[PDB]
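The structure appears right after this line, and notes come after that.
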Amino acid sequence: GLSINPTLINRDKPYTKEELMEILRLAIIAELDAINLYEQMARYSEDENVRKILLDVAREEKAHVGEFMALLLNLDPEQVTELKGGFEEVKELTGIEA
Amino acid sequence: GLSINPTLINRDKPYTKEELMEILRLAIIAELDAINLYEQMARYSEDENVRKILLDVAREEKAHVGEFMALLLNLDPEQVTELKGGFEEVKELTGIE
Amino acid sequence: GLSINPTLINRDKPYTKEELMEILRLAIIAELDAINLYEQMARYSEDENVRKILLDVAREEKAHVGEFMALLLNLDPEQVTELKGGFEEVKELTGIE
Amino acid sequence: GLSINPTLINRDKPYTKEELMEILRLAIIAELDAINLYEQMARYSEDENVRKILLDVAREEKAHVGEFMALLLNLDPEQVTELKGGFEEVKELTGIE
Amino acid sequence: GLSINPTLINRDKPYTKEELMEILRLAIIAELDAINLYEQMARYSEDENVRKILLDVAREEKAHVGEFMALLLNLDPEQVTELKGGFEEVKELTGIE
Amino acid sequence: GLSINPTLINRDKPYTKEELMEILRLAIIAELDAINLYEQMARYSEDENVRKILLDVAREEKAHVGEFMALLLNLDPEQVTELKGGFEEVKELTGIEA
Amino acid sequence: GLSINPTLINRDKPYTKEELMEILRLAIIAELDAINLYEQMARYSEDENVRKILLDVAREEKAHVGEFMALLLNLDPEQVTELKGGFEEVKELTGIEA
Amino acid sequence: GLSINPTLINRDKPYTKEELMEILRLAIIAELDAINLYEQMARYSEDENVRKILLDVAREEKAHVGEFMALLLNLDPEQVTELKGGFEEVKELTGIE
Amino acid sequence: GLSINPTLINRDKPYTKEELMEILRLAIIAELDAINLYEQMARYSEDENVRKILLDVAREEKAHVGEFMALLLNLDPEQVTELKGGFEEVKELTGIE
Amino acid sequence: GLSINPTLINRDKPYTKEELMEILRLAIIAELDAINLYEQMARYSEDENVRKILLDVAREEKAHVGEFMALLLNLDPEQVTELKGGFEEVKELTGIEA
Ligand SMILES: [Fe+3]
Ligand SMILES: [Fe+3]
Ligand SMILES: [Fe+3]
Ligand SMILES: [Fe+3]
Ligand SMILES: [Fe+3]
Ligand SMILES: [Fe+3]
Ligand SMILES: [Fe+3]
Ligand SMILES: [Fe+3]
Ligand SMILES: [Fe+3]
Ligand SMILES: [Fe+3]
């Protein structure tokens with residue numbers, strides 16, 4: 001997993017502003033990995049009760065992506081600009097728009 | 001991470017009833033790992049806005065543990081009995097209930 | 001494995017209250033992995049004696065899940081609340097109880 | 001790394017629409033990891049020229065996040081809704097908008 | 001962990017006799033790793049209740065070592081002979097018995 | 001592998017009593033892994049010379065299991081008791097006597 | 001991934017001259033891994049819009065290889081010589097040159 | 001390591017042209033990792049004989065980077081263009097050439 | 001570890017001559033790793049009995065290196081030539097023989 | 001890979017004599033892994049130019065094994081004796097002499 005075994009944790013000082021941006025990106029990584037995991041599980045579950053819960057949990061992890069992204073964009077103005085630039089590049093090359 | 005790179009996925013058959021139990025346990029593993037991760041992040045985040053969201057997300061992951069646990073207990077009657085036995089064992093050794 | 005090579009262990013101070021909650025979740029992770037491992041081994045073991053022991057050991061690991069979860073719930077009141085909430089959500093969405 | 005050693009690639013059929021969503025999330029994972037890597041490197045680089053390139057490359061990886069995100073949102077309408085809902089949740093709990 | 005993600009399990013045929021010996025050794029590996037994990041956790045746990053349960057679970061994993069060992073020795077006569085030889089080698093070199 | 005890259009080793013003090021037990025369990029893990037590796041290799045080697053040596057090396061690793069086990073049992077009296085208890089549990093459930 | 005979880009970052013000194021070389025090589029590793037990942041994804045994407053973006057991002061990662069290579073060559077004169085020597089060896093053995 | 005355990009190799013088809021590019025990039029990855037490894041070892045080796053060999057081997061691994069690079073550039077014309085573009089970008093941003 | 005979980009072993013055909021060379025190199029890797037592990041353990045073991053067995057086992061693993069090396073050299077004549085060439089290069093650069 | 005991310009390197013003291021033996025064994029491990037990697041790549045490369053370079057590089061890694069082995073044997077006298085003992089054991093069991 002991504003969490004650290006407490007036996008190995010010997011950090012005492014709080015995150016710097018830049019490390020705070022990094023743990024937000026890592027939190028998004030964790031959520032995206034969880035979404036992929038549950039979507040994959042749902043694909044092979046012919047038990048409709050298990051599939052329904054897997055898909056509903058995955059939906060809630062997608063909201064977690066939004067929460068961590070809102071914090072990241074607030075702390076990373078460069079990401080705001082480049083996110084818009086990335087959207088524009090996709091539009092120009094493919095026509096896909098929000 | 002725990003999810004598989006789709007390039008490597010070649011399975012076609014659906015999960016067996018035994019495999020359904022195993023992915024539910026793996027789903028609980030994933031949630032418990034996420035809780036530890038966000039609780040650790042919150043511990044070192046002095047930005048109170050970031051800490052607040054980390055702890056609120058962690059709270060929602062704890063509910064996900066319950067959802068998967070509920071499905072597992074419904075499909076694993078042995079886990080229901082042994083969960084009770086484990087609770088009783090802790091009570092007899094420590095008094096915690 | 002999940003245990004640390006002692007060559008790398010240099011921590012000398014005890015777990016904080018929050019770290020105590022994290023090692024209990026990690027202990028549950030270890031037990032859930034062991035259950036999956038032994039249930040998988042039993043599936044492919046045509047030796048009935050080996051299968052019988054694998055399933056009996058797995059049963060005892062399921063009790064270990066209960067023991068660690070009893071401690072976790074005692075130290076994590078939020079997990080108690082969210083566990084019930086998770087059970088209720090599955091009930092509302094699937095009827096499973 | 002995240003890429004597969006071609007020696008292990010036996011897949012011959014194209015990604016399903018569900019797998020397409022998954023590789024887009026994995027691409028975002030790869031970009032976010034690269035940003036963290038280069039931002040961390042720049043922190044410890046006293047060589048001003050190396051730092052400047054590290055930060056400029058990281059900036060360009062942030063645009064890649066946007067490109068993959070645009071594709072993901074176009075194929076994952078649920079993510080569009082939950083992204084909005086996630087933004088609103090942060091705004092309510094912290095005022096960040 | 002050591003258990004396989006069911007998404008990746010495509011084996012259908014049962015373990016051979018030689019593979020049965022290998023999974024028993026792997027089961028012993030899993031138990032020994034769990035013992036080390038729980039013994040390490042107990043070392044840093046000031047909560048006497050958590051320490052008591054950690055040590056009692058670890059004790060039960062030591063019994064699992066015996067169960068898997070008994071099956072392995074029953075299926076691996078070479079291991080029986082070499083176990084004795086290993087005990088004797090330690091005797092001649094250290095006096096430990 | 002299981003060994004540590006010396007670049008990362010910064011420990012100076014010797015193993016405690018419990019750490020000595022843990023490295024003995026880790027040594028057994030390494031031996032059992034090596035046995036499985038060489039038995040697997042021998043299974044697919046139709047070169048009789050390679051197979052013969054793989055099986056002979058594997059036999060000697062099984063003796064290493066005994067050596068590390070002897071030290072572990074001498075330092076871990078709880079393991080002595082539970083090992084006997086484990087054998088009896090197998091006997092009660094299957095009749096096997098190893 | 002290759003980035004470190006900030007929870008484990010306890011380094012305070014800046015990189016030495018030799019370490020600067022090593023992180024530039026690691027940056028090239030990260031870029032080459034990303035190129036392989038996106039090229040592999042593009043191979044199995046039947047969605048032409050997705051494939052188009054994957055290939056364009058991969059192209060931009062190839063430019064990042066050049067950026068990190070330029071810095072590395074400026075700091076590693078031995079790499080300059082051996083790069084030329086490596087090019088020459090391929091010439092003599094295969095005739096490939098450019 | 002990066003090499004595959006032959007027990008797991010079941011591929012029969014030769015590499016495609018795309019896969020050939022990918023294994024060349026992976027070969028470069030292996031060489032760059034070896035260079036970092038030996039450079040790190042040499043830094044902490046007080047034995048001047050060991051240091052001398054480590055640096056001489058690392059020098060030869062740097063030539064291997066050139067060999068694999070030459071093949072890659074010959075098969076990946078896009079990499080030729082972007083390599084020059086990357087050089088130019090560094091010149092514009094830092095003055096390095 | 002280096003051994004494969006039998007659940008994942010789907011191979012049915014024997015090793016090719018090239019694969020035999022590769023598993024011999026992998027066997028040497030396993031032995032060298034074991035030597036480093038036990039040599040490291042012996043370093044921090046003030047229990048003289050434990051140290052004495054660790055060093056004696058490590059000695060026996062060093063003989064295993066020779067056994068696998070003899071087979072490798074017998075199947076890899078190129079390695080014989082390059083081994084001697086490597087010895088001569090060290091002699092030329094350091095005088096060690 | 002086997003190299004350490006410099007962000008995690010905090011050792012400020014040279015290798016002991018025992019650690020020097022360990023990094024030489026680790027260097028041999030790295031070379032043997034590279035040989036296996038390049039031998040495997042050459043197996044699937046029907047491009048004869050790429051195959052030729054893969055095999056020639058692999059040949060040079062085999063010389064690196066010899067260089068590191070020479071240093072190890074010079075610093076590890078037990079390995080010299082046990083290497084001879086291993087060769088003799090193989091000759092006894094198979095008749096192979098190397
Ligand atoms: Fe989540
Ligand atoms: Fe969750
Ligand atoms: Fe257990
Ligand atoms: Fe990118
Ligand atoms: Fe157990
Ligand atoms: Fe051994
Ligand atoms: Fe890039
Ligand atoms: Fe090389
Ligand atoms: Fe050995
Ligand atoms: Fe080399």
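First listed ligand is number 1; within each ligand, the first listed atom is number 1. When reading the values below, keep in mind they use all heavy atoms of this one structure, side chains included, and skip hydrogens, waters and symmetry mates. Chain naming here is simple, since letters A, B, ... match the order of the sequence lines and numbering starts at 1 in each.
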Check your understanding: For B:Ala58, which residues count as a side-chain contact (heavy atoms from CB on, under 4.5 Å) partner, sequence neighbours excluded?
Key -> B:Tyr38
Exercise for review: Output all residues satisfying side-chain contact (heavy atoms from CB on, under 4.5 Å) with E:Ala63, sequence neighbours left out; order by chain, then residue number.
Suggested key: F:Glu82
**Study point:** Closest contact, heavy atoms only, E:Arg43 versus E:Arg51
**Key:** O-NH2, 3.6 Å
Exercise for review: Not counting sequence neighbours, which residues clear side-chain contact (heavy atoms from CB on, under 4.5 Å) with B:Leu93? List them please.
Suggested key: B:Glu89, E:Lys52, E:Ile53, E:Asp56
Review point. Do the side chain of J:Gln40 and the main chain of H:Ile4 share a donor and acceptor less than 3.5 angstrom apart?
Key: yes
Study note, to complete from the structure: Closest heavy-atom pair, C:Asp33 versus B:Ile29, reported as atoms and distance to 0.1 Å, is N-CD1, 3.9 Å
Exercise for review: Could you please tell me which protein N, O or S atoms lie under 2.8 Å from the Fe ion (ligand 8)?
Suggested key: H:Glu31 OE1, H:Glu31 OE2, H:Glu61 OE1, H:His64 ND1, J:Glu61 OE2
